[PDB]
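Just so you know, the protein sequences line up as chains B and A, in that order. Per the authors' numbering, the first sequence starts with residue 1, numbered consecutively. Per the authors' numbering, the second sequence starts with residue 1, numbered consecutively. Note that beta-carbon positions come from the ideal geometry of N, C-alpha and C, so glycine has one too.
Number of protein chains: 2
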Amino acid sequence: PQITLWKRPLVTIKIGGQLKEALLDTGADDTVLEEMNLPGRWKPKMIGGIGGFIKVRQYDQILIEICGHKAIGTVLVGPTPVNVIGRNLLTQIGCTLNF
Amino acid sequence: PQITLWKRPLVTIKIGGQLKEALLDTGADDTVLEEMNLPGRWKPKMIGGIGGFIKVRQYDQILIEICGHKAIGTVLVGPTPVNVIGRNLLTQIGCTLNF
Ligand SMILES: CCOP(=O)(COc1ccc(C[C@H](NC(=O)O[C@H]2CO[C@H]3OCC[C@H]32)[C@H](O)CN(C[C@@H](C)CC)S(=O)(=O)c2ccc([C@H](C)O)cc2)cc1)OCC
């Protein structure tokens, strides 16, 4: 599909057996999602943007489905104000910017 | 152009007559540039990111050329971690997401 940017590029994702809403975000290197109690091991990380840094849990090789497109990769979980699908997963669904 | 996402989508912009590098950021509503000198009036503003809120200088109706494509719109200047081009200008240059 083609998504215009008049509004935020929010889509439904499926992760950890749950449906969530997340932004398709070309400005994010990696994917950052709201607190969810996912099974398995994880590594602490700190990630920063406007306003400073937050603490997240890094989970590797997580299955995520984005608009029906399946992807597998790292997800960072913590108290983010917004869920972002970053480039690590957008590449896997073949997403480009075009103008 | 068609821009894939294996690398950061960094492009050259021209603002205030000077060239700079900036990131095309679909997860940003607004365009935020690191501290710089820009002519004309501005107004204090607050903007929120992953890490909380920061103070910026709001410059309205600013000419800016992004990867060869002209825009005229609002530019926020302040302590962003990196120069980001947000949706207010991405729409102007006809940028969509495609997968
Ligand atoms: C309930 C509402 O919460 P809220 O309003 C904040 O909401 C939002 C918070 C973040 C975003 C996405 C964020 N956009 C953003 O900063 O945009 C600003 C300017 O335009 C406004 O529009 C939206 C906010 C304002 C950007 O796309 C992605 N970022 C990096 C970018 C800045 C370049 C380094 S990142 O997220 O920092 C990030 C860092 C590191 C990683 C891993 C390591 O790779 C992944 C992601 C969208 C909405 O207030 C909170 C106090």
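Counterpart residues of residue i in DSSP-defined beta bridges
| i | result |
| --- | --- |
| B/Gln58 | B/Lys43, B/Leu76 |
| B/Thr96 | A/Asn98 |
| A/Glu65 | A/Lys14, A/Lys70 |
| B/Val82 | For B/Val82, which the question treats as bridged, DSSP gives no partner whatsoever. |
| B/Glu34 | B/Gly78 |
| B/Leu24 | B/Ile85 |
| B/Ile3 | A/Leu97 |
| A/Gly49 | A/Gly52 |
| A/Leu19 | A/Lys14 |
Status (buried if at least 16 other CB within 10 Å, exposed otherwise) for residue i
| i | result |
| --- | --- |
| residue 100 of chain B | Shown here, chain B extends from 1 to 99; a query on residue 100 of chain B therefore has no answer. |
| B/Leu63 | exposed |
| B/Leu97 | buried |
| B/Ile66 | buried |
| residue 142 of chain B | Chain B is shown from 1 up to 99; residue 142 of chain B falls before or after that span and cannot be answered. |
| B/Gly68 | exposed |
Neighbourhood of residue i by C-beta, 7 Å cutoff - its chain only, sequence neighbours within 5 removed
| i | result |
| --- | --- |
| B/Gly40 | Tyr59 |
| B/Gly16 | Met36, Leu38 |
| A/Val56 | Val32, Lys45, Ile47, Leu76, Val77, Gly78 |
| A/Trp42 | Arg57, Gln58, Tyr59 |
Presumed contact (8 Å Cβ cut-off) between residue i and residue j, rounded CB distance
| i | j | result |
| --- | --- | --- |
| B/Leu24 | B/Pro9 | 4 Å |
| B/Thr74 | B/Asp30 | 6 Å |
Sequence-distant residues of the same chain with beta carbon closer than 6 Å to residue i, five excluded per side
| i | result |
| --- | --- |
| A/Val84 | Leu23, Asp25, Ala28, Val32 |
| A/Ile3 | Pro9 |
| A/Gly86 | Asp25, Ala28, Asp29, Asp30, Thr31 |
Cβ shell of residue i (< 8 Å), same chain only, five flanking positions each side left out
| i | result |
| --- | --- |
| B/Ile54 | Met46, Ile47, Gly48, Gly78, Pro79, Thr80 |
| B/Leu19 | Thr12, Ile13 |
| A/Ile72 | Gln61, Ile62, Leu63, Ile64, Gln92 |
| B/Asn88 | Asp29, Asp30, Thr31, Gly73, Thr74 |
Does the count of Cβ pairs from the segment 67 to 82 of chain A and the segment 43 to 61 of chain B closer than 8 Å reach three?
-> yes
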